[PDB]
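One protein chain, two forms: both are listed below as structure tokens, the first as structure 1 and the second as structure 2.
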Structure 1
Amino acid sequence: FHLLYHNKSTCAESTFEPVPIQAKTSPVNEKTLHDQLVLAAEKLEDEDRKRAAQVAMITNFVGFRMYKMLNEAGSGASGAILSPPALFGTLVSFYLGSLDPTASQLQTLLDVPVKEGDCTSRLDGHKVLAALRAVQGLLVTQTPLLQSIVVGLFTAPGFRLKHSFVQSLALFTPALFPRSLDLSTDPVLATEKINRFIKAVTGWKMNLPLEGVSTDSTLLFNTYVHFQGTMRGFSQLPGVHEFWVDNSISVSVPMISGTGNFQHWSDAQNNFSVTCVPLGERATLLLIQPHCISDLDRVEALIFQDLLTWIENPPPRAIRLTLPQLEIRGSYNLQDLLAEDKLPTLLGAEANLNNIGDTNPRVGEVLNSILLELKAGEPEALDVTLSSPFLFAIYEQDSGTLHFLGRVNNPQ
């Protein structure tokens, strides 16, 4: 990963109190962000594309790792979903705000050795978030794919953020909202305000956890991801259809169906099958179905383990793929997943994050919150039908990045 480290030349503070959460705020413009993200991806050189490749490996490794900690933490009845790039960026943001021992420990969490007595063995956050942004650019370049990330920095009254830190965050995403609110006096009310505010500026209907945060918190970092996919040549089927959550629970849900030349195969060794449909010239949706429902866990553990070498490329074939229209939501506190990962205080009262503000923040939650949407774009083939729980993943052929991976036990 040499292109992610500080160079020999690289090895050589104004603050502010964020405006009150109440303050009037022009909403996000998802298509103004998208048009800028296109620009970014199209100016990329050969150096840039190599970095993208390198950063993707760190992202994928860390992604699986934390998805496993997610399912050990319990993800909920509906299923689970994770954006490694969103996750990765969040941890890199904190890396950029940290000093040793945290700074090193964080790097070690990203499987990047910290050679003691070596600046050049340190990750360059700025270079990394740049490369990370490239990979996001590559995903969305008819506009069939749309992904928008917005970060909310929610500070306790009085606590001041360093402008340098926020500068660094802009690389990860410009859609960046630092606001101040009383987190101590009524923690439950404060959670309503953060949820109200996010829906007001993004216009996104999302998991709104109502569980308050710690009363002594002075900083809340929250990442919000919103993905929209259009499956071209797929149409919504008449009426609704049964999706068997298990032998004794049905949910009626709208399906979408498409006929195309897709790759498909059955792993007879491990009792599951896979389909690979493209989402544009780059992106690819993977759909894994266990041959039997009581095997979901095992197949999930087995297939989301990092080298993804079971992705076999056979010739495409006529496939009538039918699946539920997806409107997935998921939300979790990164602190919990590390806590399951056994280094509970990695971003814990003991963390050295003295480059975030003019005092060392007490971090109350590091939330990733997801909304994924996959929808309809408008003789004899092989019918593939997802009417029971399955796993999915959006993979990107050029960066090799797993932008999404999760499980669908039930669709709203």
Structure 2
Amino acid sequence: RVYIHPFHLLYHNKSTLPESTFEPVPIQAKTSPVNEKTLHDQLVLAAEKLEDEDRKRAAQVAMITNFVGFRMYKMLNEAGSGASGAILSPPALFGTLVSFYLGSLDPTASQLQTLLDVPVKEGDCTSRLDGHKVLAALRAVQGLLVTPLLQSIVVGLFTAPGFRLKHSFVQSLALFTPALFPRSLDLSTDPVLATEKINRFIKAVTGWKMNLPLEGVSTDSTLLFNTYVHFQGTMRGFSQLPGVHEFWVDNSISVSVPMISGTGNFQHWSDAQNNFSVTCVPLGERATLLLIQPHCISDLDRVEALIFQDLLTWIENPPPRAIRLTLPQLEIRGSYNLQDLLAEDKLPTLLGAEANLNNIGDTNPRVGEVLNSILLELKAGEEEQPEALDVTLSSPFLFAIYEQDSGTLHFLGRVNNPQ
């Protein structure tokens, strides 16, 4: 029975030419690849010129982001995320939802806000989220995160030939990420080839090897909204160990995988109440990798449901200590359709055919997939060539990436089998 009241993210006072449109260029059209460094430098500036007001908006956006992330993570696990584990980016999902919110009118608008856990007072427009404020706060926490440390979000907006996008909608989207690619293509004749073209396009414009889904697009789709997230962070002072080392996928089965290892002054503790432990490794001045180990493999589900389901009161802050950390080199790929997660959440028609998204384009779109896809890379900072506590991740565990100032969780996940 929880409710978030993000005052600083609402409209505050209750108060016209025809809207301009364009037609996106075909998906075939030659496009320069995304520059991740450029993106990174932009994001860092947005974070560097923050007022107190901005910090307040950022703390409120973190609350909305985290809550919907935990909720959708739960939905993902209910639906089944595959063998290797699970990964979800609350910022990316939240941004996707806020983008639809900006393109939506009631009843869809209010339903989206209700899903974000913010009360709506019918008749009262000053009770509504200001999506531009929201996306501006979300950009700022993206920047705070990355103060060689990369977080790139690119959006593929794929539309049927002849569907025209509203300028205002697309300009709103740029606040989510400037790496935005509206492209048209035939979605009505060969769904599987359309997905091939989309997957080929994204790989060419990003250079990321993401292992994207192959399933075809529904033939009546006029609009797809796909969000692609690349996170890269270097583990300073970590190097790959020689050889291969047993990783227990369960109590009777092991895989022998490459491990990285390093010693630093990290935070670590054991939660007595629920019998798990946590280790925190800094990834930058504001970014923290949390690594959560259950006491035994069969307790993983209980621990995961506990720590990932709203205020992270489980995050403690002990004095750092000398820890030798050993863990699998993490190269994590995941993808889901937000449509499926919404259906799992008993909201199958929220972005359905009757959704009012009349502020997206010149006609109401028919939304096909809304994909969120991730490539997360935790690289060893040193090439493979002192008393400390040994922490060794050689059975399934949970992880989160966390921004200290706002408290935004940028990723949450579970590793069952690192490959």
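Residue 1 is the first residue of structure 1, and the numbers go on in sequence order from there. Here, rigid core means the biggest group of C-alpha atoms that superpose within 1.5 Å across both forms.
**Student:** Scan 249, 200, 188, 77 for the one whose CA shifts by 2 Å or more between the two structures after superposing the rigid core, and name it.
**Tutor:** Comparing both forms, the shifted residue turns out to be 249.
**Student:** Has the Cα of residue 267 moved 2 Å or more between the two structures, judged after a core fit?
**Tutor:** Yes, because once the rigid core is superposed, the C-alpha of residue 267 moves 2 Å or more between the two structures.
**Student:** Taking the rigid core as fixed, quantify in angstrom how much the C-alpha of residue 314 shifts between the two structures.
**Tutor:** Here the C-alpha difference is 2.0 Å.
**Student:** How much does the C-alpha of residue 237 move between the two structures, in Å, when the core is lined up?
**Tutor:** Taking the core as reference, the C-alpha of residue 237 is shifted 1.4 Å.
**Student:** Keeping the rigid core fixed, work out how far the Cα of residue 161 travels between the two structures, to one decimal in Å.
**Tutor:** That residue's C-alpha is offset by 0.7 Å.
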